[PDB]
Structure formats: C-alpha cells, structure tokens
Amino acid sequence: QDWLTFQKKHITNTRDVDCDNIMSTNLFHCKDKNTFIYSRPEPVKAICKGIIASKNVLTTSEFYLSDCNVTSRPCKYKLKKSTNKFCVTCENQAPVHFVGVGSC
C-alpha cells in the first residue's frame, strides 16, 4: 500500500527466511504464499524511479527471491529460492505492491 509496508512484507535481510515463524505473524496470518526479495532497499526502490501515477513494472534486472509456499500442512512452509525478475506496482517513485514473479 506504501513503500514502508512493501519493505515489511517483501524485503529480507536473509535469503533463508524462517517461513514457519514469519508466516504465522499477524502481517502474513498463515496465508498460502509470500515472496521476499533479498536486497538492500535502494536497488528495489530504484525500479520505480521517475514513475508517478501507479503503473506495474517488470524489473530490468533479476533479484534473489525467497518464496514461502504452504505445504499440505496448514501454516507450514517450504522455502523456495530462485533468481528472477519480478513485477511491482510503482507509485510516486517507490514499490507499493508485489505483483508476481517473472512477469506482470
């Protein structure tokens, strides 16, 4: 919804996210999936530089991604690490929503 919450929800300081811990907090509330970007914030924010009106954008570069994907057991997750481009919603020069991996 804004850059601060995008960072809380999607930027990680470790590739090896502890899915079964973080996914069970109220922010994620055991949802089926979340993608985290292992990056300093500035390379991520730069994706949206100059973009004002909300527009979905596919990264030029690839990033280290860490997906928490629910297993057959409720609120228990497999961590799946990948290198890919991703699509964000850019608004006023910062990512405000994570759209999806690989494509807009």
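Start at 1 with the first residue shown and count on from there.
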Between 79 to 87 and 10 to 18 (mean CA B-factor, as deposited), the higher: 10 to 18
Residue set 34, 59, 26, 56, per-entry CA B-factor max assigned to 26
Third of the chain's Cα B-factor distribution that residue 101 belongs to, per the entry: highest
Chain thirds of CA B-factor: placement of residue 30: middle
Could you look up the Cα B-factor of residue 71 in the entry and say which third of the chain it sits in: lowest, middle or highest? middle
Residue 44 CA temperature factor, ranked by third within the chain: highest
